[PDB]
$ cat work_2.txt   # compact mmCIF, C-alpha atoms and all ligand atoms
# COMPACT_ATOMS: atom_id res chain seq x y z
CA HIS I 4 11.41 -12.97 -11.70
CA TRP I 5 10.77 -11.60 -8.23
CA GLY I 6 8.04 -12.81 -5.91
CA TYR I 7 7.22 -13.88 -2.37
CA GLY I 8 8.32 -17.53 -2.54
CA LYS I 9 11.32 -19.25 -0.92
CA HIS I 10 13.45 -18.88 -4.03
CA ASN I 11 12.45 -15.42 -5.28
CA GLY I 12 11.11 -13.65 -2.20
CA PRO I 13 12.26 -10.66 -0.07
CA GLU I 14 15.62 -12.18 0.92
CA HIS I 15 16.48 -12.57 -2.79
CA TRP I 16 15.43 -9.12 -4.12
CA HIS I 17 18.78 -7.44 -3.44
CA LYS I 18 20.51 -9.38 -6.27
CA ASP I 19 18.38 -7.75 -8.99
CA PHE I 20 17.67 -4.61 -6.91
CA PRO I 21 20.70 -3.61 -4.75
CA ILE I 22 18.73 -0.68 -3.22
CA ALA I 23 16.97 -3.43 -1.16
CA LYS I 24 19.79 -2.93 1.36
CA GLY I 25 19.65 0.89 1.06
CA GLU I 26 19.36 3.66 3.66
CA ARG I 27 15.62 4.38 3.56
CA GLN I 28 13.84 1.08 2.89
CA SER I 29 10.23 0.18 3.69
CA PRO I 30 8.32 -1.16 5.45
CA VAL I 31 9.53 -0.55 9.02
CA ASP I 32 8.37 -1.41 12.52
CA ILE I 33 6.70 1.62 14.08
CA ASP I 34 7.84 1.76 17.68
CA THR I 35 5.05 3.89 19.19
CA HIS I 36 6.96 4.96 22.28
CA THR I 37 9.96 6.24 20.28
CA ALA I 38 7.96 8.03 17.54
CA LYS I 39 8.10 11.78 18.18
CA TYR I 40 4.91 13.85 18.18
CA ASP I 41 5.53 16.71 15.70
CA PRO I 42 3.44 19.84 16.35
CA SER I 43 4.75 21.30 13.05
CA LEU I 44 2.79 18.77 10.96
CA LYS I 45 -0.10 20.52 9.14
CA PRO I 46 -3.43 18.61 9.16
CA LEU I 47 -3.74 15.81 6.55
CA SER I 48 -6.06 16.49 3.61
CA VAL I 49 -7.66 13.58 1.79
CA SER I 50 -9.77 14.83 -1.15
CA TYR I 51 -11.30 11.85 -2.91
CA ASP I 52 -14.77 13.31 -3.72
CA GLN I 53 -13.94 13.32 -7.46
CA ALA I 54 -12.01 10.03 -7.65
CA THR I 55 -12.58 8.19 -10.91
CA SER I 56 -11.74 4.48 -10.82
CA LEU I 57 -11.08 2.69 -14.14
CA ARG I 58 -9.98 -0.90 -13.79
CA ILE I 59 -9.04 -3.64 -11.38
CA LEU I 60 -6.19 -5.98 -12.15
CA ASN I 61 -4.18 -8.92 -10.91
CA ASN I 62 -0.51 -8.26 -11.73
CA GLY I 63 0.79 -11.47 -10.12
CA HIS I 64 1.86 -9.58 -6.96
CA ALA I 65 -1.39 -8.08 -5.67
CA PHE I 66 -4.65 -6.77 -7.09
CA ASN I 67 -4.77 -3.17 -8.13
CA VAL I 68 -7.58 -0.66 -8.46
CA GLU I 69 -6.49 1.96 -10.98
CA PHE I 70 -7.73 5.56 -11.14
CA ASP I 71 -7.90 8.25 -13.82
CA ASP I 72 -5.13 10.60 -12.72
CA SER I 73 -5.18 12.82 -15.84
CA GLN I 74 -6.60 15.71 -13.75
CA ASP I 75 -6.49 16.67 -10.02
CA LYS I 76 -9.60 14.58 -9.18
CA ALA I 77 -8.38 12.75 -6.08
CA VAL I 78 -5.44 14.18 -4.18
CA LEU I 79 -3.58 13.99 -0.88
CA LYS I 80 -2.15 17.21 0.61
CA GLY I 81 -1.09 18.59 4.01
CA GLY I 82 0.45 16.57 6.83
CA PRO I 83 4.14 16.21 6.03
CA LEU I 84 3.60 16.91 2.32
CA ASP I 85 4.57 19.90 0.23
CA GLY I 86 2.29 20.46 -2.71
CA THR I 87 -0.24 18.14 -4.25
CA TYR I 88 -0.11 14.37 -4.64
CA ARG I 89 -2.47 12.69 -7.11
CA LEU I 90 -4.09 9.24 -6.44
CA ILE I 91 -3.02 6.76 -9.15
CA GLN I 92 -4.11 3.41 -7.67
CA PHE I 93 -4.52 1.31 -4.57
CA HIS I 94 -3.62 -2.25 -3.68
CA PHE I 95 -3.30 -4.45 -0.60
CA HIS I 96 -0.85 -6.87 1.01
CA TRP I 97 -2.28 -9.70 3.11
CA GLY I 98 -1.51 -12.96 4.86
CA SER I 99 -2.36 -16.65 4.77
CA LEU I 100 -3.72 -16.28 8.34
CA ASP I 101 -5.10 -13.27 10.29
CA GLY I 102 -1.91 -12.90 12.42
CA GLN I 103 0.20 -11.76 9.47
CA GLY I 104 -0.12 -9.83 6.21
CA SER I 105 0.72 -6.18 6.95
CA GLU I 106 4.03 -4.74 5.87
CA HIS I 107 4.39 -2.04 8.49
CA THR I 108 4.17 -3.28 12.05
CA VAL I 109 3.19 -1.38 15.20
CA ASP I 110 5.33 -2.33 18.21
CA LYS I 111 6.04 -5.54 16.27
CA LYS I 112 2.31 -6.30 15.86
CA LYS I 113 1.39 -7.56 12.38
CA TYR I 114 -2.11 -6.82 11.05
CA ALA I 115 -4.10 -9.14 8.76
CA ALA I 116 -3.58 -6.83 5.80
CA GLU I 117 -2.45 -3.36 4.73
CA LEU I 118 -4.00 -1.02 2.17
CA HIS I 119 -1.70 1.25 0.13
CA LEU I 120 -3.25 4.25 -1.62
CA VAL I 121 -0.47 5.37 -3.96
CA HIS I 122 -0.08 9.05 -4.96
CA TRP I 123 2.46 10.96 -7.07
CA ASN I 124 3.78 14.50 -6.68
CA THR I 125 2.20 16.62 -9.44
CA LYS I 126 5.30 18.84 -9.58
CA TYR I 127 6.95 15.94 -11.44
CA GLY I 128 4.25 15.66 -14.09
CA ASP I 129 3.99 11.87 -14.24
CA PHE I 130 4.48 8.81 -12.03
CA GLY I 131 7.56 7.57 -13.89
CA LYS I 132 9.32 10.87 -13.30
CA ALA I 133 8.09 11.07 -9.70
CA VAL I 134 9.65 7.74 -8.64
CA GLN I 135 13.12 9.14 -9.53
CA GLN I 136 12.68 11.84 -6.87
CA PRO I 137 13.15 11.58 -3.09
CA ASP I 138 9.76 13.25 -2.61
CA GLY I 139 8.10 11.67 -5.64
CA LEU I 140 5.41 9.58 -3.98
CA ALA I 141 3.14 9.62 -0.96
CA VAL I 142 1.63 6.32 0.04
CA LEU I 143 -1.20 6.29 2.53
CA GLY I 144 -1.08 3.02 4.46
CA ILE I 145 -4.07 1.66 6.34
CA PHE I 146 -4.07 -1.47 8.48
CA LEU I 147 -6.80 -4.08 8.24
CA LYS I 148 -7.93 -6.20 11.19
CA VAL I 149 -10.51 -8.97 11.07
CA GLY I 150 -13.82 -8.28 12.82
CA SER I 151 -16.91 -6.56 11.40
CA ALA I 152 -17.25 -6.26 7.62
CA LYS I 153 -16.17 -3.10 5.81
CA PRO I 154 -19.17 -2.24 3.61
CA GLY I 155 -17.11 -0.03 1.28
CA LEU I 156 -14.77 -2.95 0.56
CA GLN I 157 -17.49 -5.35 -0.60
CA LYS I 158 -17.60 -4.00 -4.18
CA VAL I 159 -13.91 -4.90 -4.51
CA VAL I 160 -14.25 -8.36 -2.99
CA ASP I 161 -17.17 -9.22 -5.29
CA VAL I 162 -15.15 -8.59 -8.47
CA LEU I 163 -12.11 -10.65 -7.39
CA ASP I 164 -13.53 -13.86 -8.95
CA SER I 165 -13.17 -12.14 -12.34
CA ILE I 166 -9.42 -11.45 -11.87
CA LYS I 167 -8.34 -14.72 -10.26
CA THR I 168 -5.05 -15.20 -12.10
CA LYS I 169 -2.03 -13.13 -13.12
CA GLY I 170 -2.71 -10.82 -16.06
CA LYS I 171 -6.49 -10.62 -15.68
CA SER I 172 -8.17 -7.23 -15.48
CA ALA I 173 -11.76 -6.02 -15.33
CA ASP I 174 -13.75 -2.82 -15.72
CA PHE I 175 -14.09 -1.20 -12.30
CA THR I 176 -15.70 2.21 -12.51
CA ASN I 177 -17.52 4.36 -9.93
CA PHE I 178 -15.72 2.91 -6.91
CA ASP I 179 -15.37 5.42 -4.07
CA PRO I 180 -12.11 4.97 -2.10
CA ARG I 181 -13.55 7.08 0.76
CA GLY I 182 -15.32 3.87 1.79
CA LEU I 183 -11.97 2.33 2.78
CA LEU I 184 -10.94 5.01 5.31
CA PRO I 185 -11.11 4.80 9.12
CA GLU I 186 -12.65 7.60 11.23
CA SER I 187 -9.40 9.13 12.43
CA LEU I 188 -6.66 10.51 10.20
CA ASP I 189 -4.09 10.38 13.04
CA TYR I 190 -0.87 9.11 11.47
CA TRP I 191 2.83 8.30 11.70
CA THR I 192 5.17 9.49 8.91
CA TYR I 193 8.72 8.74 7.76
CA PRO I 194 10.77 8.76 4.50
CA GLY I 195 10.95 5.35 2.86
CA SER I 196 10.62 3.36 -0.34
CA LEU I 197 8.38 1.18 -2.51
CA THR I 198 7.95 -2.14 -0.63
CA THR I 199 8.23 -4.09 -3.92
CA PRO I 200 10.86 -4.03 -6.65
CA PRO I 201 12.17 -1.62 -7.90
CA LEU I 202 12.22 -0.59 -4.18
CA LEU I 203 12.90 3.04 -5.16
CA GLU I 204 13.53 5.42 -2.26
CA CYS I 205 10.93 7.96 -3.31
CA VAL I 206 8.10 7.57 -0.81
CA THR I 207 6.82 9.75 2.01
CA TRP I 208 4.97 7.20 4.06
CA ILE I 209 1.82 8.22 5.88
CA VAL I 210 0.54 5.33 8.02
CA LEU I 211 -2.80 5.74 9.80
CA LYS I 212 -3.00 4.84 13.49
CA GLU I 213 -6.52 3.54 13.31
CA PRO I 214 -7.09 0.25 11.47
CA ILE I 215 -10.19 -0.58 9.48
CA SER I 216 -12.11 -3.75 10.28
CA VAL I 217 -12.88 -6.22 7.51
CA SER I 218 -14.72 -9.52 7.91
CA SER I 219 -13.26 -13.02 7.80
CA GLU I 220 -15.33 -13.59 4.65
CA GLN I 221 -13.86 -10.50 2.96
CA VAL I 222 -10.22 -11.38 3.67
CA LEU I 223 -10.84 -15.07 2.74
CA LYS I 224 -11.78 -13.85 -0.77
CA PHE I 225 -8.41 -12.01 -1.04
CA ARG I 226 -6.79 -15.38 -0.27
CA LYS I 227 -8.59 -17.13 -3.20
CA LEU I 228 -6.62 -15.06 -5.70
CA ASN I 229 -3.71 -16.66 -7.58
CA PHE I 230 -0.04 -15.65 -8.09
CA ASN I 231 0.02 -17.92 -11.15
CA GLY I 232 -1.34 -17.21 -14.62
CA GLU I 233 -4.44 -18.99 -15.96
CA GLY I 234 -3.96 -22.72 -16.59
CA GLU I 235 -0.93 -23.09 -14.35
CA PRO I 236 -0.78 -25.08 -11.09
CA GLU I 237 -2.63 -23.07 -8.45
CA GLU I 238 -0.42 -21.04 -6.13
CA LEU I 239 -2.58 -18.97 -3.77
CA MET I 240 -1.94 -15.23 -3.60
CA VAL I 241 -1.16 -15.01 0.13
CA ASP I 242 1.69 -13.57 2.18
CA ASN I 243 2.52 -10.94 -0.47
CA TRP I 244 4.17 -8.72 2.15
CA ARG I 245 7.77 -7.61 2.69
CA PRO I 246 8.91 -7.79 6.33
CA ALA I 247 10.12 -4.80 8.37
CA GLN I 248 13.44 -3.32 7.23
CA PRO I 249 16.25 -1.56 9.18
CA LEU I 250 15.15 1.91 10.35
CA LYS I 251 18.76 3.13 10.09
CA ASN I 252 19.08 6.93 10.24
CA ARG I 253 15.37 7.82 10.38
CA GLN I 254 12.92 9.27 12.89
CA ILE I 255 9.25 8.32 12.66
CA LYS I 256 7.08 11.33 13.41
CA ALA I 257 3.55 11.21 14.92
CA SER I 258 0.72 13.65 14.13
CA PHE I 259 -0.95 13.01 17.50
CA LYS I 260 -0.29 12.97 21.23
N1 LIG I 301 6.04 1.28 -9.31
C1 LIG I 301 5.02 0.80 -9.47
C2 LIG I 301 3.73 0.19 -9.72
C3 LIG I 301 3.31 0.11 -11.05
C4 LIG I 301 2.09 -0.47 -11.37
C5 LIG I 301 1.26 -0.96 -10.35
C6 LIG I 301 -0.10 -1.59 -10.71
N2 LIG I 301 -0.11 -2.10 -12.09
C7 LIG I 301 -0.77 -1.51 -13.08
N3 LIG I 301 -0.55 -2.23 -14.17
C8 LIG I 301 0.25 -3.24 -13.79
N4 LIG I 301 0.49 -3.11 -12.48
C9 LIG I 301 1.66 -0.87 -9.01
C10 LIG I 301 2.89 -0.28 -8.69
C11 LIG I 301 3.35 -0.18 -7.37
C12 LIG I 301 3.57 -1.31 -6.62
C13 LIG I 301 4.08 -1.18 -5.33
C14 LIG I 301 4.34 0.06 -4.77
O1 LIG I 301 4.89 0.05 -3.50
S1 LIG I 301 4.16 0.27 -2.34
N5 LIG I 301 3.80 -1.24 -1.96
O2 LIG I 301 5.08 0.53 -1.25
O3 LIG I 301 2.83 0.81 -2.35
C15 LIG I 301 4.13 1.21 -5.54
CL1 LIG I 301 4.44 2.82 -4.95
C16 LIG I 301 3.63 1.08 -6.83
ZN ZN I 302 2.02 -1.84 -1.32
$ encode --input "work_2.txt" --output "structure tokens"
Amino acid sequence: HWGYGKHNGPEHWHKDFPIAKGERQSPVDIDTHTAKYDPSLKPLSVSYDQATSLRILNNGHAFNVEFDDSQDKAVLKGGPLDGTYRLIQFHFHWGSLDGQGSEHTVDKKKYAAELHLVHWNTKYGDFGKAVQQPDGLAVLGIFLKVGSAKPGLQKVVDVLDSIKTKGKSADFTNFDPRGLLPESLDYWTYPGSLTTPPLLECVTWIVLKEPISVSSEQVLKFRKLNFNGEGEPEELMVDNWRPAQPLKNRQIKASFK
């Protein structure tokens, strides 16, 4: 099945998932000088005070921190969004070296990693229904650069040893995603898709301008994860990012001057 290798990676996905070559694919390069400031964008509202994490898991593509989304406990609203989007999980994409790893790029610059906080439109009742809708999901993307450590990330990095290989999961309660946010909520936004199969074109992307800094030690621990299942030859979980896709008929809007 699909992956990030030479024989199953991004250039191959279109055979099983034709929408790979579709009209609103993600990620994209964000050209900062051509993005249009939009004064009609309401302020972004991130309400994670009641977020209830459950589990962390290695699915062979990334690691995933899963949340209890059975009530409106952690939601994203405002900005370009209509209605209420509920946090379901977060994951990251990262590189083998600090000069690559992000999926979105900013004037062609690649960051060391990118955080995706995934949310679904309540109006659709569940995630599975939401992904069949053009406004089904809102994914908050946050760039990571390597510099000072991110204290709020440490709890995640310390549990990664327990989910080394594909199919491993661990208890992961009481983790506060607010600890992963930068100071500014300035953002770019555009209509796009999931960056992995099934690549469904159901995402309103909200990408924050300001990166967070993580330490070399923190990102090194991401890179010790495995794509393989337990007992297989070790294949390091690195470079699990899709490259920038054609912008086609889309305008990227900016919340800031
Ligand atoms: N669809 C789906 C999905 C389902 C489950 C999980 C975690 N999981 C839980 N149990 C097993 N796996 C993650 C995703 C998932 C992956 C990539 C995505 O795309 S994206 N990168 O653009 O954020 C989006 Cl929007 C969602
Ligand atoms: Zn992602």
$ residues_near_ligand --input "work_2.txt" --ligand "ligand ZN 302 (chain I)" --cutoff "12 Å" --atoms "only C-alpha atoms and all ligand atoms" --output "ChimeraX atom specification"
/I:29-30,64-67,92-97,104-107,116-122,141-146,196-200,202,206,208,210,243-246
$ closest_residue --input "work_2.txt" --among "I:44, I:152, I:109, I:166" --to "residue 233 in chain I" --atoms "only C-alpha atoms"
I:166
$ residues_around --input "work_2.txt" --residues "residue 217 in chain I" --least-positions-apart "5" --cutoff "10 Å" --atoms "all atoms listed in the file" --output "list in words"
residues 115, 116, 147, 148, 149, 150, 151, 152, 153, 154, 155, 156, 157, 183 and 222 of chain I
$ residues_around --input "work_2.txt" --residues "range 73-86 of chain I" --least-positions-apart "2" --cutoff "7 Å" --atoms "all atoms listed in the file" --output "VMD selection string"
chain I and resid 44 to 54 71 88 to 90
$ closest_residue --input "work_2.txt" --among "I:184, I:159, I:203, I:215" --to "ligand LIG 301 (chain I)" --atoms "only C-alpha atoms and all ligand atoms"
I:203
$ closest_atom_pairs --input "work_2.txt" --of "range 95-196 of chain I" --to "range 248-255 of chain I" --cutoff "10 Å" --atoms "all atoms listed in the file" --output "Markdown table"
| residue | atom | partner | partner_atom | distance |
| --- | --- | --- | --- | --- |
| I:106 | CA | I:248 | CA | 9.6 |
| I:107 | CA | I:248 | CA | 9.2 |
| I:191 | CA | I:255 | CA | 6.5 |
| I:192 | CA | I:255 | CA | 5.7 |
| I:193 | CA | I:255 | CA | 4.9 |
| I:194 | CA | I:253 | CA | 7.5 |
| I:195 | CA | I:253 | CA | 9.1 |
$ atom_distance --input "work_2.txt" --atom1 "CA of residue 14 in chain I" --atom2 "CA of residue 28 in chain I"
13.5 Å
$ residues_near_point --input "work_2.txt" --point "(-2.5, -15.9, -9.3)" --cutoff "12 Å" --atoms "all atoms listed in the file" --output "PyMOL selection string"
chain I and resi 6+60-66+163-171+225-241+243
$ atom_distance --input "work_2.txt" --atom1 "CA of residue 173 in chain I" --atom2 "CA of residue 58 in chain I"
5.6 Å
$ closest_residue --input "work_2.txt" --among "I:172, I:87, I:125, I:55" --to "ligand LIG 301 (chain I)" --atoms "only C-alpha atoms and all ligand atoms"
I:172
$ closest_residue --input "work_2.txt" --among "I:205, I:247, I:91, I:38" --to "residue 132 in chain I" --atoms "only C-alpha atoms"
I:205
$ atom_distance --input "work_2.txt" --atom1 "CA of residue 68 in chain I" --atom2 "CA of residue 20 in chain I"
25.6 Å
$ closest_residue --input "work_2.txt" --among "I:174, I:69, I:34, I:213" --to "ligand LIG 301 (chain I)" --atoms "all atoms listed in the file"
I:69
$ closest_residue --input "work_2.txt" --among "I:182, I:216, I:201, I:257" --to "residue 18 in chain I" --atoms "all atoms listed in the file"
I:201
$ axis_aligned_box --input "work_2.txt" --around "ligand LIG 301 (chain I)" --padding-each-side "8 Å" --output "lines of an AutoDock Vina configuration file"
center_x = 2.6
center_y = -0.2
center_z = -7.7
size_x = 22.8
size_y = 22.1
size_z = 28.9
